[PDB]
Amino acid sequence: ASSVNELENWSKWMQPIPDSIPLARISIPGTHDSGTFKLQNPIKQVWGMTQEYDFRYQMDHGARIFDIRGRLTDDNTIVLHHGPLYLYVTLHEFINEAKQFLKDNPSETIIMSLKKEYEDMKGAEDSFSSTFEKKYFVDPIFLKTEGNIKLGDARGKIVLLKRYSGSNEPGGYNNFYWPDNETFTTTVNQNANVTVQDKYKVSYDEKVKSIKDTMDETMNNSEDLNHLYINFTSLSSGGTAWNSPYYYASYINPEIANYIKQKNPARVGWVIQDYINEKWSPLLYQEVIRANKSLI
């Protein structure tokens, strides 16, 4: 499209953006541990809970990237897990919400990151990858194209970001290095590069700095369409009391929203965050979406 007013529409913000823009260049908000919104048991919350509303609320709020952690069970299905604890949500449940959303708003698309969160249940017939690829990925909403995925080829489909090994079906983003608790950079495809800031378990100070620092690198490298930037603003720690990802999120979100507001960047990258809601006055997900003004 041509009007900027279109980015203020959360359910369809990707509509005004050109069909030829690679998904890498787009500033896409996302959610960290997307399926933890059903954890309503106090002690489970202060540790696991990273969202308070459902996938659809999340999507109607501009979120187009979901952090999906699963696990194989006896019934040979894949469900959502937060470490060793079962979130009362399943993979099918995600894929259906994404479909209803996607049919109501065909101009959009969604990136689903899948990571094998826990070890498979003893009575599983197949491995994790094979089960996901033979029982789910074979579904047509999943885009089976690889390479520097353009927006045009992805509208209506579900782009996959692989955080599991042993894949056999071609499609979406190929699995890559991803070391533990740091910011790194690797190659994804022949034509692609990834800079990830994933410092979970770090002090607030270092966390805030890592976000802005990685954010500064993208603002500058803005016109490099073949280079993804994933920027997790989430920081989980030994919560228990006001130290839970909610407390941190109540500071880290407004903080980073404004930082983007004043800097008026032309690119912010893929900002994966916790607690997406409408409480934190400045709104991170909205600022990240707005920084796409430069593509229209």
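Note that residue numbering follows the sequence shown and begins at 1.
Legend: mean Cα B-factor per stretch from the PDB entry, 262 to 270 versus 231 to 239; the higher mean is in 231 to 239. For the pair 196 to 204 and 174 to 182, the mean Cα B-factor is higher in 174 to 182. Between the residues 250, 51, 27, 244, the entry's highest C-alpha temperature factor is the one at 244.
When the Cα B-factors of 93, 146, 223, 139 are read from the PDB record, 223 comes out highest. For residue 128, the recorded CA temperature factor ranks within the highest third of the chain's modelled residues. Sorting the modelled residues of the chain by their CA temperature factor places residue 191 in the highest third. Residue-level temperature factors show residue 165 in the highest third of its chain, judged at the C-alpha atom. Ranked against the other modelled residues of its chain, the C-alpha B-factor of residue 13 as given in the entry falls in the middle third. Among all modelled residues in its chain, residue 64 ranks in the lowest third by Cα B-factor.
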